[PDB]
Amino acid sequence: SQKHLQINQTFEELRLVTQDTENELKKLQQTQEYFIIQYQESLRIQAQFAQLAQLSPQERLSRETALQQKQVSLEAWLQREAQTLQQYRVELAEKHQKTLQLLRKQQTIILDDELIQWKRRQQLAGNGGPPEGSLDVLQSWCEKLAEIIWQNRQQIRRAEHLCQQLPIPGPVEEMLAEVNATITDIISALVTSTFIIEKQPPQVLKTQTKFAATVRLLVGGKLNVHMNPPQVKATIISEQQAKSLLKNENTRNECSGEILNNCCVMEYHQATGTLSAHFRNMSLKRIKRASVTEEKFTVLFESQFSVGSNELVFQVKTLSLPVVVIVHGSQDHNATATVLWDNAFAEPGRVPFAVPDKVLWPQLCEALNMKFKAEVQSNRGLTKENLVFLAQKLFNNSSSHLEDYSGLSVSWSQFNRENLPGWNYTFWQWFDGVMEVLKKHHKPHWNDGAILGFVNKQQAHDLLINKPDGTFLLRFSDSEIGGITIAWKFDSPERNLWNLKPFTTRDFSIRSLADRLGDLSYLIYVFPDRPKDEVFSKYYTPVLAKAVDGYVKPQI
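## Some thoughts on the overall build of the protein chain
For the protein chain, the count of helices and strands is 15 helices and 19 strands. Relative to the compact-globule value of 24 Å for 556 residues, the protein chain shows a C-alpha radius of gyration of 37 Å, a clear excess of over 25%. Each principal axis of the C-alpha distribution contributes one length, and for the protein chain these read about 150 × 55 × 50 Å.

Written out as structure tokens, the structure reads:
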């Protein structure tokens, strides 16, 4: 990538300029150390002048004349060397300022762009999107960031020790203070921003259920944090508790529940360079409340460690993605809508768990399609026709062009609070019910194209009207949540177009969809013309004989 080629090129130039100032600070220390030896030679002349002055002025003229000439020329050398020493100091501080300003630009490319890109990619992965990918390139860049910032911090601290050994008043003191303020900002932003969650806890979290999380410190190895790995503490915080924690109005260490097995020491893995805390056996013992399915929480991960020096301790805190705590698993369906809306429509740099009330229809389409393919585990997602059917259902409109629904808005209540115009359910309750019946039993049938699904009673009437007798299609029931209805054509004296009574998961548990279809002889061709046995025969149950009937070896 061109962006990735630029980041690596900038690290190579930051590596060079850190060595340029390293070689200059060694020269500066040598110039100062040599200057100090010559200043003591200046003191030796005065000691020799007083030792000669006590004696008579006979042969004293010869010795005290050459000494005067020596003293005068040494004092001129010292006066020019002091200017050189000040010049080198200003030039070193100028180079340090130049490398730290380039460093700030590189730190902002990786921490405010590339890391945000990854965190967002991980947030959508909670909704069924593409995997966020490994933290390997981000760790190899943060290690280089820690390597360069620490080298420059050590160089400026050696430079200050030279200044305290031989102080020269001037602009250097303000430059050194300005450079010191810059490295503490770069060190805090790097440290506080690289304590991240690699593996998020389940966003629909049930009480008394084991769960896992993984927290990584990207600058672990390169800042000697792994010398004595810190203890990380998982604590469940509410939405209001997270607003105050981030707006510094935390006051006391607040919490809204108990997490069993919440203390974990970080583990350094050699031949990877990763410092991570794997919480594998966490469990939510209790939860504090004040609907349940709309109530958001977060897993707060706190740690405290000293970087390099003993007197440089950071208190890191990272918030997990919003978590909805359910108590009976029946609430899993309504909680999923809160998580889906949050993951999909969260704005960057937001106040804890602030989502938009209204969203545009194509935005909701992207989220629904993403979740759908992930639940039914199929590459066959929602086609342009499937999306039009959902818009027709949601907005109560008869338009068959997706472009017409582009500028329409869907509020959160229109999605999962208000029931559909003439129904006892919400749009999400219907869509999620379709995903629930497809995922529970019909994952292969959906992938095979056997279930048309997103077609209404009148649309299916007009698809089959002029087809041969026995043509049928599987459709989603409008009256029964999570129901599949067969629509078939068969010329008869009363009606020619029919709709069979819907089946739900309970029915499918007693007899599979294929077994049910195989019994009905008036179902001959699956729409538009594929013979029934070609589509479903692989799924028919072979009648196995029993041992109680008297069969020693398995028989069909």
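## Topic: the packing of helix α1 (residues 2-53) against helix α3 (residues 136-165)
Where α1 contacts α3, the two axes come as close as 10 Å, and the packing angle between them is 20°. Relative to α3, the element α1 lies roughly parallel. Considering how the two elements wind past one another, α1 and α3 form a crossing that is left-handed. Partitioned by chemical class, the residues of the contact of α1 with α3 number ten nonpolar, ten polar and five charged.

## Things to note about unusual backbone geometry
Residue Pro528 is bonded to the preceding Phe527 through a cis peptide linkage, with omega at 5°. Here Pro528 lies in the loop between β18 (525-526) and β19 (530-531). Of note, the phi angle at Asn248 is positive, near 60°, even though the residue is not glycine. With respect to the helices, strands and loops of the structure, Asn248 is situated in the loop between α5 (239-246) and β5 (257-260).

## Digging into the layout of surface pockets
Space inside the largest pocket adds up to approximately 1100 Å³. Lining the largest pocket are 37 residues, with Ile116, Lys119, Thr318, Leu319 and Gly349 positioned closest to its centre. Elements with a contribution of two residues or more to the lining of the largest pocket: α2 (60-125), α4 (172-193), β1 (195-199) and β10 (313-319). By residue class, the composition of the lining of the largest pocket is 19 nonpolar, eleven polar and seven charged.

## Focus: the pattern of salt bridges
Inspection of every chain in the model, using the stated rule, returns 25 salt bridges. Residue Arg104 pairs with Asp185 through a salt bridge whose shortest N-O separation is 4.0 Å. Residue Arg104 is located in helix α2, and its partner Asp185 is located in helix α4; the two are separated by 81 residues in the primary sequence. According to the relative accessible area criterion, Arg104 is partly exposed, its value standing at 34%. What makes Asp185 partly exposed here is its relative accessible area of 45%. Put simply, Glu375 and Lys371 hold a salt bridge, and the shortest N to O gap is 4.0 Å. Residue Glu375 and its partner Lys371 are located together in helix α7 (residues 361-375), separated by four residues, close to a single helical turn. Overlapping salt bridges bring together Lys371, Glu375, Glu436 and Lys439 as one network.

## Looking at the UniProt feature "domain: SH2" in the protein chain
When the UniProt feature table is mapped to this numbering, "domain: SH2" covers residues 446-543. Its end C-alpha atoms 25 Å apart, residues 446-543 is made of 29% helix and 22% strand.

## Notes on the side chain of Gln106
Counting through the fold element by element, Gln106 comes out in helix α2. In contact with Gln106, not counting residues within four places along its chain, are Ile7, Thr10, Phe11, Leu14 and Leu145.

## Here we look at empty space enclosed by the protein
As a volume, the largest cavity reaches approximately 80 Å³. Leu28, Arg89, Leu92, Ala93, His96, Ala159, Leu162, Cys163, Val172 and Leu176 together form the lining of the largest cavity. Mapped onto the lining of the largest cavity, the elements with two or more residues apiece are α2, α3 and α4. Among the residues making up the lining of the largest cavity, the classes are represented as eight nonpolar, one polar and one charged.

## Points about a nonpolar patch on the surface
Taken together, the side chains of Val543, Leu544 and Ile556 make up a nonpolar region of the molecular surface, amounting to roughly 330 Å² of accessible area. Position of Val543 among the secondary structure elements: in the segment after α15 (532-536). Using a relative accessible area of 62% as the deciding quantity, one classes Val543 as exposed.

## Description of the pairing of strand β9 (residues 296-306)
As a general feature of sheets, a regular strand has side chains that alternate between the two faces. With nine of its eleven residues buried, β9 lies for the most part within the structure. Of the strand pairs in this sheet, strand β4 (residues 231-238) and β9 are connected by six bridges, and their pairing is antiparallel. The partner of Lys233 across the bridge, within β9, is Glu302. As judged from the two bridges shared by β9 and strand β11 (residues 323-326), these two strands associate in the antiparallel manner. Bridge assignment links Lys296 to a residue of β11, and that residue is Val324. Both β9 and β10 contribute to a ladder of seven bridges, which runs antiparallel. Opposite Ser306, over in β10, you have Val313 as the bridge partner. Between β9 and the antiparallel strand that follows it, β10, lie six residues; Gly308 among them carries a positive phi value of about 60°.

## Here we look at the packing of α7 against helix α8 (residues 384-395)
Two quantities define a packed helix pair, namely the angle between the axes and the distance from one axis to the other. At a minimum axis separation of 11 Å, α7 and α8 run at an interaxial angle of 120°. In terms of orientation, α7 and α8 fall into the oblique class. For α7 against α8, the interelement crossing comes out right-handed. Across from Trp361, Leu364 and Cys365 in α7, the residues of α8 making contact are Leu387, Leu390, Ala391, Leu394 and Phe395. Across the contact of α7 with α8, the residue classes break down as eight nonpolar, no polar and no charged.

## Some thoughts on the packing of aromatic side chains
Scanning the model with the defined rule gives 24 aromatic pairs in all. Here the aromatic rings of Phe372 and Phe431 are separated by 5.8 Å at their centres, their planes lie at 35°, and the arrangement is tilted. Highlighted residues: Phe372 in helix α7 and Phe431 in helix α10 (residues 427-441), separated in sequence by 59 residues. Per residue, the accessibility class of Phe372 equals that of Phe431, and both read buried. Here the guanidinium or amino end of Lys393 rests over the ring plane of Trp430, the centre of that ring lying 5.2 Å away.

Rules of the game
- Residues numbered from 1 in each chain as written, not as in the entry; some residues may be left out.
- Heavy atoms only, no water.
- Residues with missing side-chain atoms left out of burial classes, pairs and counts.
- Helix = DSSP H or I, 4+ residues; strand = E, 2+ residues; numbered from the N terminus.
- Rg over C-alpha atoms; globule rule 2.2 N^0.38 Å.
- Axes fitted to C-alpha atoms, helices over the stretch in contact; angles between N-to-C directions.
- Parallel < 35°, antiparallel > 145°, perpendicular 65-115°, else oblique.
- Left-handed = near helix turned anticlockwise from the far one by under 90°.
- Nonpolar A, V, L, I, M, F, W, Y, C, P; charged D, E, K, R; others polar.
- 1 Å grid on protein atoms, 1.4 Å probe; cavity = no way out; pocket = protein on both sides within 12 Å on 5 of 7 lines; lining within 4 Å.
- Points joined across faces, edges and corners; volume = space filled by probe spheres on them.
- Salt bridge = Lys/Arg side-chain N within 4 Å of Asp/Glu carboxyl O.
- Buried < 20%, exposed > 50% of the residue type's maximum accessible area, 1.4 Å probe, protein only.
- UniProt positions renumbered as here; feature names shortened; annotations may be inferred.
- Contact = heavy atoms within 4.5 Å.
- Patch = residues over 30% accessible without salt bridge, like charges linked within 9 Å, V, L, I, M, F, W, Y side chains within 5 Å.
- Areas by Shrake-Rupley, 256 points an atom, 1.4 Å probe, with all protein chains shown as cover.
- Pairing = 2+ DSSP bridges.
- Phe/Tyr/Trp six-rings, centres within 6.5 Å; stacked < 30°, edge-to-face > 60°.
- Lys NZ or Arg CZ within 6 Å of the ring centre and 35° of its normal.

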